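Just so we're aligned: the sequence shown equals residues 8 to 174, 176 to 304 in the deposited numbering.
Quick reminder that beta carbons are idealized off the backbone N, C-alpha and C, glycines included.
Working notes for the structure below.
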Amino acid sequence: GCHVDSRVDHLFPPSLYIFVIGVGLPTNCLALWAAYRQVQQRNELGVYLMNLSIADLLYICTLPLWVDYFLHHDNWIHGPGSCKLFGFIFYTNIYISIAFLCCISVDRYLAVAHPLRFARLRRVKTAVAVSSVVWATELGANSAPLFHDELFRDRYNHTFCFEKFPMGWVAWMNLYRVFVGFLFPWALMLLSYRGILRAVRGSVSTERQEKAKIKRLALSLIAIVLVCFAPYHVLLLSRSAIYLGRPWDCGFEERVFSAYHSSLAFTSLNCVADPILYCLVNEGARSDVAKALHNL
Numbered sequence: 008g009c010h011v012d013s014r015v016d017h018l019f020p021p022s023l024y025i026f027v028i029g030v031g032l033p034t035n036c037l038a039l040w041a042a043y044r045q046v047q048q049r050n051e052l053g054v055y056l057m058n059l060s061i062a063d064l065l066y067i068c069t070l071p072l073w074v075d076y077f078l079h080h081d082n083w084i085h086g087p088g089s090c091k092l093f094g095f096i097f098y099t100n101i102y103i104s105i106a107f108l109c110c111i112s113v114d115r116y117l118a119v120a121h122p123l124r125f126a127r128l129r130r131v132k133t134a135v136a137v138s139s140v141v142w143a144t145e146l147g148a149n150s151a152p153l154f155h156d157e158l159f160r161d162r163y164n165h166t167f168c169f170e171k172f173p174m176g177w178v179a180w181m182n183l184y185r186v187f188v189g190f191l192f193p194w195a196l197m198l199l200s201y202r203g204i205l206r207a208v209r210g211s212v213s214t215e216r217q218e219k220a221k222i223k224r225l226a227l228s229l230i231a232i233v234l235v236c237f238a239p240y241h242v243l244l245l246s247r248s249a250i251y252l253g254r255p256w257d258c259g260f261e262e263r264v265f266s267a268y269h270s271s272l273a274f275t276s277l278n279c280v281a282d283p284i285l286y287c288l289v290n291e292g293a294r295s296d297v298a299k300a301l302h303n304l
């Protein structure tokens with residue numbers, strides 16, 4: 008194909024992943040503990056929180072190898088099977104996370120906007136069922152690359168993993185990624201939080217300060233998801249709109265490593281955003297975490 012390189016590609020993703028590991032590992036562990044406490048209190052939300060934490064923790068444990076993958080100018084010296092498993096986890100966990108945020112959002116809409124109703128949908132058993140369904144659907148829909156070539160070895164000092172420059177099947181995989189793993193779940197998240205705010209408007213028992221607080225929190229959730237995941241999918245839709253565009257007439261070296269890899273690294277910040285946004289800002293979850301740290 009056409010060779011590409013970037014100098015900053017070497018630097019920024021590794022340090023960003025070091026911060027992601029060193030911060031999001033203990034924070035996601037603590038969020039998992041708080042989620043388990045919520046599950047023990049017959050709460051339908053903790054089980055989703057449990058999956059989210061889990062979906063991030065696996066991702067975190069995948070990251071070290073990509074660190075070695077990056078600081079070596081894209082040189083994989085750890086094998087094909089490791090490439091398959093670790094690339095699958097790395098590229099699929101972010102969509103699993105987006106799906107679980109959507110599930111949390113819908114649960115909140117059903118609880119706040121429509122109380123006194125849909126009690127069957129707000130059980131722990133139904134939450135386990137939908138968690139199994141989302142894990143199956145996400146792991147099976149994104150298992151397309153597992154049945155194709157693992158890596159590529161272009162001899163410009165590169166050795167690749169779950170990506171080939173240029174890039176058939178990966179194009180439509182990218183289109184599905186962008187449209188039905190980002191825009192659809194994000195549309196549901198936005199619509200449900202708009203519903204929550206409209207329901208909160210008419211709350212007599214809620215004073216004005218708390219409505220503003222809820223609005224700031226909901227907007228922060230939507231905005232942080234968008235800012236973390238939008239650059240990667242924008243570049244991915246642009247690159248997949250040119251591989252199904254002018255075919256085999258593509259010079260995208262000025263925008264391959266820099267754009268793509270900086271943006272994947274920047275997508276990894278969602279794994280540290282979720283523990284802070286869904287556990288550490290709430291008072292009760294912090295009380296539970298303080299109880300956990302009192303023991304140790």
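- Task: Inspect the CB distances between the segment 94 to 104 and the segment 30 to 43 and report whether three or more fall short of 8 Å.
- Result: no
- Query: Tell me, which residues are paired with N82 by DSSP?
  - Reply: Within the sequence shown, the letter at position 75 stands for residue 82. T166, per the DSSP bridge assignment.
- DSSP three-state call for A143: helix, strand or coil? Locating residue 143 in the sequence shown gives position 136, where the first residue counts as 1. Three-state DSSP puts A143 in a helix.
- Item | CB of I28 within 8 Å of CB of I67, strictly | Within the sequence shown, numbered from 1, the residue matching residue 28 stands at position 21. Within the sequence shown, numbered from 1, the residue matching residue 67 stands at position 60. Yes, they are a contact pair.
- Message: Give me, in chain order, the residues of the same chain whose beta-carbon lies closer than 7 Å to that of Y116; leave out the 5 immediate sequence neighbours on both sides.
- Response: Position 109 of the sequence shown, counted from the first residue, corresponds to residue 116. Around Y116: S200, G203 and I204.
- Rounded separation between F19 and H302 - CA only: For the purposes of this step, residue 19 is taken as the residue at position 12 of the sequence shown. For the purposes of this step, residue 302 is taken as the residue at position 294 of the sequence shown. About 37 Å.
- Message: Is it the case that the segment 62 to 76 contacts the segment 227 to 244, given that we only count it when at least three CB pairs across the two stretches are under 8 Å?
- Response: no
- Query: Excluding five sequence neighbours on each side, which residues of the same chain lie with their C-beta closer than 7 Å to the C-beta of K223?
  - Reply: Position 215 of the sequence shown holds residue 223. Cβ neighbours of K223 beyond the five flanking positions: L205.
- Item | Enclosing alpha helix (DSSP H) for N35 [first to last residue] | Indexing the sequence shown from 1 puts residue 35 at position 28. First-last of the alpha helix (DSSP H) with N35: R14 to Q47.
- Message: Closest to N58 by C-alpha separation, out of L225, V188 and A134, would be which residue?
- Response: Here residue 58 refers to the residue found at position 51 when the sequence shown is read from its first residue. Minimum Cα distance to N58 is reached at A134.
- If you count every other CB in all the chains shown that lies within 10 Å of the CB of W180, and 16 or more means buried, which is it? On the sequence shown, residue 180 is found 172 positions in, with the first residue counted as 1. Under this definition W180 is an exposed residue.
- Message: Only counting the same chain, and skipping five residues up and downstream in sequence, which positions put a Cβ closer than 7 Å to that of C110?
- Response: Walking along the sequence shown from the start, residue 110 turns up at place 103. Here the set comprises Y55, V137 and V141.
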